[PDB]
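In the form deposited in one PDB entry, a lone chain appears below as structure tokens.
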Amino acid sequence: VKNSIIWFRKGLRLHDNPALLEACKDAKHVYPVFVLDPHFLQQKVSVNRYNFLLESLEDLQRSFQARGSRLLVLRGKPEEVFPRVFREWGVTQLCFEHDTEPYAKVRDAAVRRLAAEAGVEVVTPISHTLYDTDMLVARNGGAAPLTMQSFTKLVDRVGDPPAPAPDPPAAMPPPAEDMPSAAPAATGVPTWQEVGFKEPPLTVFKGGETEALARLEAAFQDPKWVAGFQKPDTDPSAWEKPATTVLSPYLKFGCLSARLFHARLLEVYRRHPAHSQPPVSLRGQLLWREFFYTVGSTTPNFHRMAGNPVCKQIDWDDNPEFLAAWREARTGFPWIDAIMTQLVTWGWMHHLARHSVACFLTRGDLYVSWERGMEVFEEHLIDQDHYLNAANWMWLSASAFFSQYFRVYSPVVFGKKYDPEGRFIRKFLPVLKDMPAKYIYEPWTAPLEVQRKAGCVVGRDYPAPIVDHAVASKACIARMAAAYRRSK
């Protein structure tokens, strides 16, 4: 008889899950497993992202209960848990989605070697990305494309992505009863209070496949908006209704299928011949995701500067004061401090909002290494993706993929073009809620009478700007030019 395990790590969904379909096919018992490390708190991670993962597991649990099954949250590490449950559950086949992250490759290798010892077949379909990213490299001659212009030419010659897999059966084979490692009191989905987190989550985006599908349908309620989508024209100061899809935390955890997303975009594009094209279109945004996965997975030390071949070695400063002020949202620039406040409260910011604070920290004003900023984003971002965060940080720091270091965003002017009243600032920085719009982006320029009228005396209620942009900008640019000449 066939008893199988469908191992969840990413791909926290039931739709377009070929690993789940193979695990259920001709199976008497199916053990849906997510492996949790309860000492992951002795190692970094905000309660916002970890609760998003927990809500995603709860959604999977309710979805499995509706089909006569159950989600098992096994505690411990994979290398110690699987050799036990292989013999206990009579497992003959192990199934999980392919992953290309460095720790995943080291982890999945040992798991496979442990399965071959137990006589367990391992099935690992590709479903987290649009294509077999190792196939794109081989199709291109054996190296990853380093520009989006050439990558888009490759995917057009490769063809349409594989279509999404059908939905699993309305009923699935349940786990066998009275198995000790399957005891419900030891395999339930924990809450954020039981894993050690002491402060509650504040983000407004809920995890789970159900929410991922609802956000997808909501974005497709207006097909003209999807067809004419242009990423650089979207509004970074929009928070009540964000200007983009906000599907990144669901695509990160695999709550939403990228191939399903891509399949729905082609349906709209076929009936809208004037639809936007890469790199600005919605489909182009998925290609940016696939692009950085293709390069990042084939580039050693991709998340670091030293040892990274595609990354420029720049003599960034070691300034713990600029990092702390930027990290704690007290730079003195309300546009920057509001975005960093949205980071710690929501775990998500608009793409151009991240451009502002990444440029401010790195090549624009403070000249701190993008590795330091990447560490801060990885902690608070609910959509933190190993390859995407690092690639866009090297982009904004002009260390890879991007070279126009003379283009420096203004922490004073950039936001005023969209939100002249500072509604985005007043929402996240409530201490500036009564400051007139003439000085909301420059509170230090307000007369002292006006500062007292608003209850925001610069230096007492809100900090003074840690740097003068005009001076700090002309100093980072000059050092970037020197770095770019010594970069050969």
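C-alpha atoms forming the largest set that superposes within 1.5 Å between two forms make up the rigid core. Only residues modelled in both forms are compared. The numbering used is simple: start at 1 and walk along the sequence shown.
- Gap check for residue 43 to residue 44: 1 to 3 deposited residues are absent from the model.
- Of the two stretches examined, 227-235 and 131-139, the record assigns the greater average C-alpha temperature factor to 131-139.
- According to the PDB record, 395-403 carries the higher mean C-alpha B-factor of the two stretches 395-403 and 252-260.
- When the Cα B-factors of 196, 242, 188, 180 are read from the PDB record, 196 comes out highest.
- Among 378, 160, 108, 337, the highest C-alpha B-factor recorded in the PDB entry belongs to 108.
- Placement of the Cα temperature factor of residue 331 within the chain: middle third of the modelled residues, per the deposited record.
- Per the deposited record, the Cα B-factor of residue 49 falls in the lowest third when ranked against the other modelled residues of its chain.
- For residue 346, the recorded CA B-factor ranks within the lowest third of the chain. Only modelled residues enter the ranking.
- Residue 82 sits in the middle third of its chain by CA B factor, as recorded in the PDB entry.
- Among all modelled residues in its chain, residue 65 ranks in the middle third by Cα B-factor.
Omitted from view is the form solved in complex with a small molecule, to which the following refers.
- Scanning 235, 99, 211, 371 against the small molecule in the entry with it bound with a 4.5 Å heavy atom cut-off leaves one residue, 99.
- Among the residues 259, 363, 380, 252, the one placing a heavy atom within 4.5 Å of the small molecule in the entry with it bound is 252.
- Of the stretches 59-67, 45-53, 451-459, 419-427, only 45-53 has residues with a heavy atom within 4.5 Å of the small molecule in the entry with it bound.
- In the entry with it bound, the small molecule stays beyond 4.5 Å of every heavy atom belonging to residue 92.
- Although the partner is absent from this view, residue 341 stays clear of the small molecule in the entry with it bound, with no non-hydrogen atom inside 4.5 angstroms.
- For the chain shown alone, residue 104 is a contact residue for the small molecule in the entry with it bound, at least one non-hydrogen atom being within 4.5 angstroms.
- Although the partner is absent here, residue 152 lies well away from the small molecule in the entry with it bound, with no heavy atom inside 4.5 Å.
- Rigid core superposed between the shown form and the other one, residues 26, 421, 461, 37 considered: the one with a C-alpha shift of 2 Å or more is 37.
- By the rule of 2 Å per CA over three or more consecutive residues, the rigid core superposition between the shown form and the other one yields one shifted run, at 37-43.
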